[PDB]
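One chain comes next, on its own, written out as structure tokens in the form deposited in one PDB entry.
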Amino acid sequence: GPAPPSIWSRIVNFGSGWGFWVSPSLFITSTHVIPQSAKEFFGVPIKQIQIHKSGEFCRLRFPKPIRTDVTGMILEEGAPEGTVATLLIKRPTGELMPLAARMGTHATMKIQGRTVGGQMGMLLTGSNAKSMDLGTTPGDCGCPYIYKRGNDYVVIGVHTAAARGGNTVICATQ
């Protein structure tokens, strides 16, 4: 098992994609996945939420605990070079997909014509970054990148882009 169920339960639908409950009050997602026409997130009006955007990484701090079931989790500003992280994808079908990804340097690139920055990852699934069965889909944005630092699990960011050419994905960081 690459990810305990206590970590899969933290991944929940948000807007056009997903997001991750780092802590009962902290929630990370991709900026372009945010539902920009919504007036509330998880029952809290927007004005009450501390929204901090670092590129396409988005951090939401809620005034009161939203997910009491989760515990506080370590958040690293990207993984160390060469770390084999796991992109924990949830699909609308209910499928869980731990996609192994070798994390590389931080870079910026044009993906859809937009310029996306973040830590580069090279999917270790045998397919290109864009594959319904073996890779990512546009709807997977917001899903977390996790690795194991000693005995602890560490979120290094969230899925923000998948290059069409090969196995390159972008993990939005900090």
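Shifts are known only where both forms have a C-alpha. Residue numbers run from 1 along the displayed sequence. Whichever C-alpha set is largest while still superposing within 1.5 Å between the two forms counts as the rigid core.
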Legend entry - Test item: residue 33 lacks coordinates in at least a third of other entries: no
Inset, instruction - Go through the other compared entries with residues on either side of residue 56 and state whether a third or more give it no coordinates. - result: no
Legend entry - Higher-scoring stretch by recorded Cα B factor average, 38-46 or 142-150: 38-46
Inset, instruction - With reference to the PDB entry, specify whether the mean Cα temperature factor is higher for 64-72 or for 132-140. - result: 64-72
Inset, instruction - Just grab whichever of 33, 122, 109, 26 has the top CA B-factor as deposited. - result: 109
Inset, instruction - For residue 7, return the chain-relative third of its C-alpha B-factor as stated in the PDB record: lowest, middle or highest. - result: middle
Inset, instruction - State the tercile, meaning the lowest, middle or highest third, of residue 168 with respect to the CA B-factors recorded for its chain. - result: lowest
Legend entry - Where the record places residue 118 (Cα B-factor, split into thirds across the chain): lowest
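Note that the form deposited in another entry isn't included here; everything after this is about it.
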Legend entry - Core-superposed comparison between the shown form and the other one: the option from 44, 109, 51, 38 whose CA moves 2 angstroms or more: 109
Inset, instruction - Superpose on the core, then tell me which runs of at least 3 consecutive residues have all their CA atoms shifted by 2 Å or more between the shown form and the other one. - result: 107-117
